[PDB]
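These notes concern the structure reproduced below.
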Amino acid sequence: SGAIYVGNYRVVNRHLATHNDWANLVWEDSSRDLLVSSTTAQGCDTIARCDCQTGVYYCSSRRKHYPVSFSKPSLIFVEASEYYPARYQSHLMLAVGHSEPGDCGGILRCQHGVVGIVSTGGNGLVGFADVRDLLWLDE
Ligand SMILES: C[C@H](C(=O)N1CCC[C@H](C(N)=O)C1)c1cccs1
Ligand SMILES: [Zn+2]
C-alpha cells in the first residue's frame, strides 16, 4: 500500500490500482507497473528531477526508513506473479535492502524529492518504479 500525491495526480502501482483509480485514469504502463489517476484535492509531493543514486525508502514490513544506494532506471527481468506473467519491467531501480509483499507503494526519496515507489522485492533486494522522467506530473 502507498501512493504519491502531486497536483491533481495519484501515482500508484498498477497491480494495486482500485476501481476509482481506473475510473479516473490519466495514464497506465503495465511494463512499468505504474498507474496515474486524477484527484479532486491538490497534492504537495515534490517529484525529484535528478540522476541521484542514493536515497531513503519506506519499509512498512519493518516500520522503518532505510538509506539505500540504487541503480539507474533500466529493463530488469521480474518473475511471474498473479498480476503479471514473467517479463522485463522497464524504468526499474534495484537496491540491497528488505522488501516483502505488502511493501509496494513505499516512497523512495532523495534530497530533491520523490524518486519512485517500491514495486518489486525478494532475495535481499528491493526494486523501485522510477517517476523522475514523468515531467507532465508537474504541470
Ligand atoms: C515478490 C514480490 C514481487 O516482486 N512482485 C509481486 C508484485 C508485483 C511485482 C511486479 N512489479 O511485477 C513483482 C514482492 C516482494 C516484495 C515486494 S513485492
Ligand atoms: Zn535527487
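Chain labels A, B, ... are given in the sequence in which chains occur in the C-alpha cells; within each chain residues are numbered consecutively from 1, and ligands are likewise numbered from 1 in the order shown.
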Please identify the residues whose atoms come within 8 Å of ligand 2, using only C-alpha atoms and all ligand atoms, and report them as a PyMOL selection string. chain A and resi 48-55+109-113+115
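DSSP on the backbone gives alpha helix (DSSP H) for these parts of chain A: residues 19, 20, 21, 22 and 23 of chain A.
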Could those residues be written to a file, using N, CA and C atoms, as a tab-separated table (two decimals), in the first residue's frame?
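And here's result_10.tsv as it stands now:
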```
chain	number	residue	atom	x	y	z
A	19	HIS	N	-10.86	0.51	-8.23
A	19	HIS	CA	-11.89	0.83	-9.20
A	19	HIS	C	-11.89	2.33	-9.48
A	20	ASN	N	-11.75	3.15	-8.42
A	20	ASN	CA	-11.77	4.60	-8.52
A	20	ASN	C	-10.63	5.07	-9.37
A	21	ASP	N	-9.41	4.51	-9.16
A	21	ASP	CA	-8.18	4.79	-9.92
A	21	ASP	C	-8.40	4.51	-11.40
A	22	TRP	N	-8.99	3.36	-11.74
A	22	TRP	CA	-9.28	3.04	-13.13
A	22	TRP	C	-10.42	3.90	-13.75
A	23	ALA	N	-11.39	4.30	-12.95
A	23	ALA	CA	-12.49	5.17	-13.43
A	23	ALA	C	-12.04	6.64	-13.59
```
Rows by chain and residue number, chain A within 6 Å of ligand 1, shortest pair, only C-alpha atoms and all ligand atoms, as JSON lines:
```
{"residue": "A:33", "atom": "CA", "partner": "ligand 1", "partner_atom_place_in_ligand_line": "11 (N)", "distance": 5.6}
{"residue": "A:81", "atom": "CA", "partner": "ligand 1", "partner_atom_place_in_ligand_line": "6 (C)", "distance": 5.6}
{"residue": "A:84", "atom": "CA", "partner": "ligand 1", "partner_atom_place_in_ligand_line": "12 (O)", "distance": 5.8}
{"residue": "A:99", "atom": "CA", "partner": "ligand 1", "partner_atom_place_in_ligand_line": "16 (C)", "distance": 4.3}
{"residue": "A:100", "atom": "CA", "partner": "ligand 1", "partner_atom_place_in_ligand_line": "16 (C)", "distance": 3.5}
{"residue": "A:101", "atom": "CA", "partner": "ligand 1", "partner_atom_place_in_ligand_line": "17 (C)", "distance": 4.1}
{"residue": "A:103", "atom": "CA", "partner": "ligand 1", "partner_atom_place_in_ligand_line": "17 (C)", "distance": 5.3}
{"residue": "A:104", "atom": "CA", "partner": "ligand 1", "partner_atom_place_in_ligand_line": "17 (C)", "distance": 5.5}
{"residue": "A:119", "atom": "CA", "partner": "ligand 1", "partner_atom_place_in_ligand_line": "11 (N)", "distance": 4.7}
{"residue": "A:120", "atom": "CA", "partner": "ligand 1", "partner_atom_place_in_ligand_line": "4 (O)", "distance": 3.6}
{"residue": "A:121", "atom": "CA", "partner": "ligand 1", "partner_atom_place_in_ligand_line": "16 (C)", "distance": 3.5}
{"residue": "A:122", "atom": "CA", "partner": "ligand 1", "partner_atom_place_in_ligand_line": "15 (C)", "distance": 4.9}
```
Please give the complete set of residues from segment 11-75 of chain A that DSSP, run on the backbone, assigns to strand (DSSP E or B), formatted as a PyMOL selection string. chain A and resi 11-13+25-29+34-44+47+54-59+64-69+74-75
Please dump the current selection as an mmCIF file, in the first residue's frame; keep N, CA and C atoms.
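Written file, selection.cif:
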```cif
data_model
loop_
_atom_site.group_PDB
_atom_site.id
_atom_site.type_symbol
_atom_site.label_atom_id
_atom_site.label_comp_id
_atom_site.auth_asym_id
_atom_site.auth_seq_id
_atom_site.Cartn_x
_atom_site.Cartn_y
_atom_site.Cartn_z
ATOM 1 N N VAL A 11 -0.198 8.648 -7.946
ATOM 2 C CA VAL A 11 0.651 7.656 -8.571
ATOM 3 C C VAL A 11 0.662 6.401 -7.745
ATOM 4 N N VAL A 12 0.127 5.312 -8.267
ATOM 5 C CA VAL A 12 0.148 4.033 -7.562
ATOM 6 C C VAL A 12 0.794 2.942 -8.414
ATOM 7 N N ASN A 13 1.086 1.765 -7.795
ATOM 8 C CA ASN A 13 1.483 0.561 -8.519
ATOM 9 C C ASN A 13 0.246 0.154 -9.299
ATOM 10 N N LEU A 25 -8.677 7.370 -14.685
ATOM 11 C CA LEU A 25 -7.426 7.103 -15.385
ATOM 12 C C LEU A 25 -6.930 8.258 -16.212
ATOM 13 N N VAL A 26 -5.620 8.529 -16.121
ATOM 14 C CA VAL A 26 -4.894 9.514 -16.901
ATOM 15 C C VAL A 26 -3.862 8.769 -17.807
ATOM 16 N N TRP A 27 -3.106 7.837 -17.212
ATOM 17 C CA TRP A 27 -2.050 7.082 -17.875
ATOM 18 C C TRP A 27 -1.728 5.809 -17.074
ATOM 19 N N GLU A 28 -1.412 4.721 -17.766
ATOM 20 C CA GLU A 28 -1.001 3.484 -17.134
ATOM 21 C C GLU A 28 0.001 2.783 -18.028
ATOM 22 N N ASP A 29 1.030 2.194 -17.420
ATOM 23 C CA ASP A 29 2.027 1.438 -18.162
ATOM 24 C C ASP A 29 2.315 0.149 -17.426
ATOM 25 N N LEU A 34 3.002 1.001 -13.350
ATOM 26 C CA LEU A 34 2.528 2.320 -12.906
ATOM 27 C C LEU A 34 1.170 2.693 -13.425
ATOM 28 N N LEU A 35 0.409 3.391 -12.573
ATOM 29 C CA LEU A 35 -0.885 3.916 -12.950
ATOM 30 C C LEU A 35 -1.010 5.295 -12.316
ATOM 31 N N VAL A 36 -1.577 6.245 -13.065
ATOM 32 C CA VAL A 36 -1.832 7.592 -12.585
ATOM 33 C C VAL A 36 -3.319 7.889 -12.783
ATOM 34 N N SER A 37 -3.964 8.307 -11.694
ATOM 35 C CA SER A 37 -5.359 8.698 -11.709
ATOM 36 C C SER A 37 -5.504 10.168 -11.256
ATOM 37 N N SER A 38 -6.677 10.783 -11.567
ATOM 38 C CA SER A 38 -6.937 12.181 -11.253
ATOM 39 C C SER A 38 -7.600 12.364 -9.888
ATOM 40 N N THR A 39 -7.215 13.412 -9.152
ATOM 41 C CA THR A 39 -7.810 13.689 -7.835
ATOM 42 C C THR A 39 -8.450 15.061 -7.801
ATOM 43 N N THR A 40 -9.452 15.217 -6.951
ATOM 44 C CA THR A 40 -10.108 16.490 -6.758
ATOM 45 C C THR A 40 -9.192 17.361 -5.889
ATOM 46 N N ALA A 41 -8.687 16.801 -4.777
ATOM 47 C CA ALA A 41 -7.814 17.560 -3.894
ATOM 48 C C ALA A 41 -6.430 17.723 -4.506
ATOM 49 N N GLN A 42 -5.754 18.823 -4.154
ATOM 50 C CA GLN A 42 -4.417 19.140 -4.643
ATOM 51 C C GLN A 42 -3.394 18.467 -3.728
ATOM 52 N N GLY A 43 -2.382 17.836 -4.328
ATOM 53 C CA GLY A 43 -1.298 17.144 -3.635
ATOM 54 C C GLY A 43 -0.038 17.983 -3.573
ATOM 55 N N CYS A 44 0.832 17.701 -2.611
ATOM 56 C CA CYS A 44 2.017 18.529 -2.426
ATOM 57 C C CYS A 44 3.344 17.760 -2.327
ATOM 58 N N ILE A 47 8.262 16.028 -6.895
ATOM 59 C CA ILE A 47 8.946 14.984 -7.645
ATOM 60 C C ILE A 47 10.369 15.473 -7.905
ATOM 61 N N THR A 54 21.351 7.540 -4.565
ATOM 62 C CA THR A 54 21.324 7.325 -3.116
ATOM 63 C C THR A 54 20.077 8.048 -2.661
ATOM 64 N N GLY A 55 19.422 7.448 -1.704
ATOM 65 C CA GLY A 55 18.167 7.938 -1.186
ATOM 66 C C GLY A 55 17.746 7.175 0.042
ATOM 67 N N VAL A 56 16.472 7.330 0.423
ATOM 68 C CA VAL A 56 15.878 6.707 1.598
ATOM 69 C C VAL A 56 14.480 6.196 1.190
ATOM 70 N N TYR A 57 14.124 4.959 1.544
ATOM 71 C CA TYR A 57 12.798 4.432 1.233
ATOM 72 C C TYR A 57 12.007 3.992 2.496
ATOM 73 N N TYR A 58 10.663 3.940 2.374
ATOM 74 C CA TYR A 58 9.842 3.494 3.488
ATOM 75 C C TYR A 58 9.532 2.003 3.385
ATOM 76 N N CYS A 59 9.779 1.261 4.474
ATOM 77 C CA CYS A 59 9.530 -0.170 4.562
ATOM 78 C C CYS A 59 8.435 -0.472 5.606
ATOM 79 N N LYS A 64 10.255 1.084 9.332
ATOM 80 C CA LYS A 64 11.497 1.842 9.306
ATOM 81 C C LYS A 64 11.764 2.421 7.934
ATOM 82 N N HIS A 65 12.497 3.534 7.902
ATOM 83 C CA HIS A 65 13.033 4.130 6.691
ATOM 84 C C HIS A 65 14.472 3.587 6.567
ATOM 85 N N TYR A 66 14.929 3.413 5.325
ATOM 86 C CA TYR A 66 16.229 2.839 5.081
ATOM 87 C C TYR A 66 16.991 3.597 4.031
ATOM 88 N N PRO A 67 18.252 3.945 4.324
ATOM 89 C CA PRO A 67 19.081 4.572 3.284
ATOM 90 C C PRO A 67 19.624 3.495 2.323
ATOM 91 N N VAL A 68 19.545 3.748 1.015
ATOM 92 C CA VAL A 68 19.967 2.779 0.018
ATOM 93 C C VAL A 68 20.740 3.433 -1.097
ATOM 94 N N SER A 69 21.602 2.649 -1.717
ATOM 95 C CA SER A 69 22.258 3.023 -2.959
ATOM 96 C C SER A 69 21.386 2.294 -3.962
ATOM 97 N N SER A 74 16.216 0.939 -15.462
ATOM 98 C CA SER A 74 16.528 0.041 -16.572
ATOM 99 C C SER A 74 15.550 -1.163 -16.724
ATOM 100 N N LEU A 75 15.724 -1.980 -17.781
ATOM 101 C CA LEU A 75 14.871 -3.144 -18.036
ATOM 102 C C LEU A 75 15.352 -4.323 -17.193
#
```
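Between atom CA of residue 134 of chain A and atom CA of residue 118 of chain A the separation is 16.7 Å.
Atom CA of residue 88 of chain A is positioned 5.2 Å from atom CA of residue 76 of chain A.
Minimum atom-to-atom distances from A:106, A:30, A:133, A:89 to residue 63 of chain A were compared using only C-alpha atoms, and the lowest value belongs to A:106.
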List as number ranges by chain the protein and nucleic acid residues near residue 45 of chain A, meaning an atom at most 10 Å away when only C-alpha atoms are counted, but skip any in the same chain fewer than 6 places from it. A: 4-7, 113-114, 138
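When only C-alpha atoms are used to measure the gap to residue 94 of chain A, the shortest distance among A:31, A:71, A:123, A:46 belongs to A:71.
What separates atom CA of residue 32 of chain A from atom CA of residue 61 of chain A is a distance of 23.0 Å.
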